[PDB]
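Architecture at a glance
Here are the chains, one letter per residue:
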Amino acid sequence: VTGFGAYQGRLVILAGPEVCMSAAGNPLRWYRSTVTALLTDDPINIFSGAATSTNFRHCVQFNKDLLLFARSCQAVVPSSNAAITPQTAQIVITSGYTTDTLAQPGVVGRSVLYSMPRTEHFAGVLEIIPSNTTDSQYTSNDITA
Amino acid sequence: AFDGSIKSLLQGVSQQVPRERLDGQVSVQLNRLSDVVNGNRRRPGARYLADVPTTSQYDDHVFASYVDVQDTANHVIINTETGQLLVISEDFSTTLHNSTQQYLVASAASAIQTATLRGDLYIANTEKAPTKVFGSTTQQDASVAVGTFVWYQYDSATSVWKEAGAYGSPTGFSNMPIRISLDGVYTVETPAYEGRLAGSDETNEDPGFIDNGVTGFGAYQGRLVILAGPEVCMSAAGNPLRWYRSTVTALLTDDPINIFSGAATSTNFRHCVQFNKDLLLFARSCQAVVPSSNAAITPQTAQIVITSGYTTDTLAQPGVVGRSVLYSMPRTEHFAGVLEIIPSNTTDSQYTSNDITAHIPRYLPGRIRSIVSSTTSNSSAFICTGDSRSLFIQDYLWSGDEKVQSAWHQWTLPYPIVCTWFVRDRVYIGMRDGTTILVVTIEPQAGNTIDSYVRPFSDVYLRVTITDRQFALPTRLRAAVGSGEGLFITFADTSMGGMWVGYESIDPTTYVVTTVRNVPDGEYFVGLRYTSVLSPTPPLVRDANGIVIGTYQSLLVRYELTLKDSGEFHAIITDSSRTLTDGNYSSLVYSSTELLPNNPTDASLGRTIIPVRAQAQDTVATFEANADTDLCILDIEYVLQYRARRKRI
Amino acid sequence: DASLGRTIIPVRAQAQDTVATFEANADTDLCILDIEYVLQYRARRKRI
């Protein structure tokens, strides 16, 4: 377990390149309850991959989505017009900034801050803001150059 | 007479006529930096780290990358001639794996590709083709019966009726990509891929990559991706070993998928990148994307769509710089270019491409062979096949939704360059000294001190101790000094740190060096020299509306230079047919408290003046410096003599 | 403390080759509303 959080009434446990979610409103259920069919409310797990490697470390909800942070890439879990189900969950990469993973990101109402390394002995900061004229879309800026 | 000032010096080189150059562009830059905040100063020196335990005779038979295990990051090095695989620690202190692999033999280091899906790193060689293999089986023309579509086999061991594909079906593959573990022990093993278990040739066809071979590799949505020219193949969801459809009684969402493509002439996809939530495909004369949706990709919704028609090249893998992606294009038979693609922000997947090298159509020799990204310092690096001893840089900056800086310039190094890669806020460079490989790094955004020592202005420098005005020349510099390279020595400690010292002789048999008189025993650096040429652009006269006038009726009198810190440098001014000015200049005077014995010879602020006396635009100016002192230019001013004799209208 | 006032400081040196600092470590505040200077610069040729 390399992370922890909640989303859509489901506990979330990060396991590196995988994301695990419990049953809807039941934090004690992690295995699928019945095999006679496929139930919407049963737990769900979803996989991810990249060119070198990925290891998600933190999660934040913010603009109706769920954000995932790693060293060399960033991903999001898209929302939809229907509650997440085992047949629609997915992870998609969105950017390629290099960052650090010692400090949990913070939220200041209209933006989210996460740190990056400048050199061996100095640090930086980045900021991410959402678009206002469409669905989930993000852009990041450097505010300590 | 009138005066003036050049606006800035932060837009790199250009090759247009002076009438059209944008503000800030210069004519020549070499071994300089386009740094903001600090100005246009010289680059730092390259530091020596270690030598990789391998050998090579050619400049392009080496591949390098990195992989992460737990909290550690490790380097991956592959030699493509003898087929060797190496894994090293982040500090080059220990070797974690070393073995030979006959599968990794290829002509050049551009055929290797990698991907990671669950817990292993896969390596693919695009120069080799897989083939089907048939194993011994008990099936008979183990009776087989057909229901109804579905085929069944009878297992006489337990009397069950298990499914089976058909008679004569394959049971595996050969020449497939190898796999490496990442659990912490680095095991290498060829995985066992599955043959057909259900379905016949008319309902479970070949994956498609059997015939066209493998021309690419990548991962997407937890599925391995194998490009087979005009086709794209994907494995099962979370199962890299499954390529055929598992069952025929129905159609399962999680089973593999293949999708076809076509065009007016031909298509052959070669590379893939994820970027803005989609998957991008690159080819010579067209580009395509695999659209995302509100539901996970399924066999009943996958498609490929063309989006643009730019002509590009396919030797170098595209790079990502956070907000954009770079891929190369050919300019002409002997020069290259670059293109950039950025996503839209007010809708779903939409892309637009721009050309960002139209103003330098003859600055990049040959074909681009590599692309590197350093988002931690806002720069990028390119390697060209036309010259193996130079590295081309770019510097960019962003503000809101606007791009402000596109500086270009060139560097040079004493040895041929082999490969480059980026790991955790540094860029590494490998060079071929004889048949051995070295490793050096350049960090422009670092201070002036490294662990109580002052960094020198030299390349591939090492630390050494001097006793009785003698020491032994390190091995890795004997070849360079023997071919004209200039040996350079500097102080390493105390107040006099960074100052030049000289030598008197080198013994041909033992390579012992004797220094100049009166140097005390202590620590010292040793390295090589380089030059830092620069050349401004001639001034111009511009009226109220911005039009240019007096190109043949103006005369230049003088230059004024303001320097934040510098020593003596060298300036040459020449005309169409003769030299005008020449000689050394400096900003440190005999009455400045900065000039003391046992202290560096630099001035914190000063000025210099240079006479020209010639036609403004028929001139060339250069400033050189190849010593231990910096050269930082803050501003430039001139005196212009122009006299209009009629009103304007 | 004074509700409003002013202070004057002489420098007499090159403009950019200077460093200025203001310290206060006592029970009184230090609120700076504005800063003004006197500059001596004299051009001797027109500009163009």
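Please refer to the structure higher up on the page.
Report on the accompanying structure.

About the thresholds
Residues numbered from 1 in each chain as written, not as in the entry; some residues may be left out. Chains lettered and ligands numbered in written order. Part of a larger assembly, values for the part shown. Heavy atoms only, no water. Residues with missing side-chain atoms left out of burial classes, pairs and counts. Helix = DSSP H or I, 4+ residues; strand = E, 2+ residues; numbered from the N terminus. Contact = heavy atoms within 4.5 Å. Pairing = 2+ DSSP bridges. Axes fitted to C-alpha atoms, helices over the stretch in contact; angles between N-to-C directions. Nonpolar A, V, L, I, M, F, W, Y, C, P; charged D, E, K, R; others polar. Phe/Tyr/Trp six-rings, centres within 6.5 Å; stacked < 30°, edge-to-face > 60°. Buried < 20%, exposed > 50% of the residue type's maximum accessible area, 1.4 Å probe, protein only. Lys NZ or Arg CZ within 6 Å of the ring centre and 35° of its normal. Salt bridge = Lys/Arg side-chain N within 4 Å of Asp/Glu carboxyl O. Disulfide = S-S within 2.5 Å.

**A short note on the overall build of chain A**
- What chain A contains, in helices and strands, is 0 helices and 12 strands.
- Along its sequence from the N terminus, chain A presents helices and strands in the succession β-β-β-β-β-β-β-β-β-β-β-β.
- The C-alpha extent of chain A, read off along each of the three principal axes, is 60 × 35 × 25 Å.
- In chain A, once contacts between residues fewer than 6 apart in sequence are set aside, the share between residues at least 24 apart is 37%.

**Some words on the sheet that holds strand β40 (residues 503–506) of chain B**
Residue and element names in this part refer to chain B.
- An order of β37-β41-β40 is seen for the 3 strands of this open sheet, with the pairing classed as antiparallel. Pairing within the sheet leaves two strands with one partner each, and these edge strands are β37 (470–472) and β40. Sheet twist, expressed as the mean angle between neighbouring strand axes with direction ignored, is 25°.
- Where β40 lies against strand β41 (residues 512–515), 3 bridges are found, and the strand directions are antiparallel. In the sheet register, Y503 faces β41, and the bridge partner there is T515.

**Concerning the interface of chain B and chain A**
- Counting from both sides, the interface comprises 37 residues of chain B and, opposite them, 35 residues of chain A.
- For the side of chain B that touches chain A, the elements supplying multiple residues, two or more each, are β4 (62–69) and β8 (112–116) of chain B.
- A per-element tally of the side of chain B that touches chain A places β4 of chain B first, with 4 residues.
- Residue composition of the side of chain B that touches chain A, by class: 11 nonpolar, 20 polar and 6 charged.

**Concerning the interface of chain B and chain C**
- Listed per partner, the contact involves 7 residues of chain B and 6 residues of chain C.
- Sorting elements by how many residues they give to the side of chain B that touches chain C places strand β1 (residues 2–5) of chain B first, with 4 residues.
- The class makeup of the residues in the side of chain B that touches chain C is 4 nonpolar, 2 polar and 1 charged.

**Section: the packing of aromatic side chains**
All names here are of chain B.
- Inspection of the entire model under this criterion finds 14 aromatic pairs over all chains.
- An angle of 90° between the planes, with centres 5.5 Å apart, marks the rings of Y363 and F392 as edge-to-face. Of this pair, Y363 sits in the loop between β28 (351–355) and β29 (368–374) while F392 sits in strand β31 (residues 390–399), and the two are 29 residues apart along the sequence. The pair formed by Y363 and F392 is uniform in burial state, with each residue classed as buried.
- Through a chain of ring-to-ring contacts, three or more aromatic side chains come together here, namely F173, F209, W243 and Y244.
- In this structure, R529 packs its charged tip against the face of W500, placed 5.5 Å from the ring centre.

**Thoughts on the pairing of strand β34 (residues 427–433) of chain B**
Residue and element names in this part refer to chain B.
- Across the 7 residues that make up β34, a large majority, 5, are buried.
- When strand β33 (residues 417–422) meets β34, the two strands line up antiparallel, connected through 5 bridges. Bridge pairing in β34 places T420 opposite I429.
- Joining the antiparallel neighbours β33 and β34 is a turn of 4 residues, in which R424 adopts a positive phi near 55°.
- With 4 bridges connecting them, β34 and strand β35 (residues 436–441) associate as antiparallel partners.

**Comments concerning the arrangement of the chains**
- Here the protein chains form 2 pairs of chains in contact, of which the pair with the most contacts is chains A and B.
- Chain A shows no contact with chain C. Their nearest C-alpha atoms sit 24 Å apart.

**Examining the pattern of salt bridges**
- Taken as a whole, this structure holds 16 salt bridges over all chains when the rule is applied.
- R45 of chain C is the partner of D3 of chain B in a salt bridge, and the nearest nitrogen-oxygen pair spans 3.6 Å.
- For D3 of chain B, a relative accessible area of 22% puts it in the partly exposed group.
- Put simply, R242 of chain B and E194 of chain B hold a salt bridge, and the shortest N to O gap is 3.3 Å. Here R242 of chain B, found in the loop between β19 (231–234) and β20 (257–260), pairs with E194 of chain B, found in the loop between β16 (188–189) and α1 (209–212); they are 48 residues apart in sequence, far enough to count as distant.
- Classification of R242 of chain B by relative accessible area gives partly exposed; the value is 25%.
- Assessed through its relative accessible area of 27%, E194 of chain B is described here as partly exposed.
- Each member of the salt-bridge network shares a partner with another, and the members are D3 of chain B together with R45 and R47 of chain C.

**Description of the state of the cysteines**
- According to the stated counting rule, one finds 0 disulfides over all chains in the structure shown.
- Between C59 of chain A, a free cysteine, and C20 of chain A, which holds the nearest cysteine sulfur, the sulfur-to-sulfur gap is 13 Å.
- On the accessibility criterion, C59 of chain A (19% relative accessible area) is buried.
- The thiol sulfur of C233 of chain B is not disulfide-bonded, and the nearest other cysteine sulfur, from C272 of chain B, lies at 13 Å.

The values reported here are purely geometric and, on their own, carry no functional implication.
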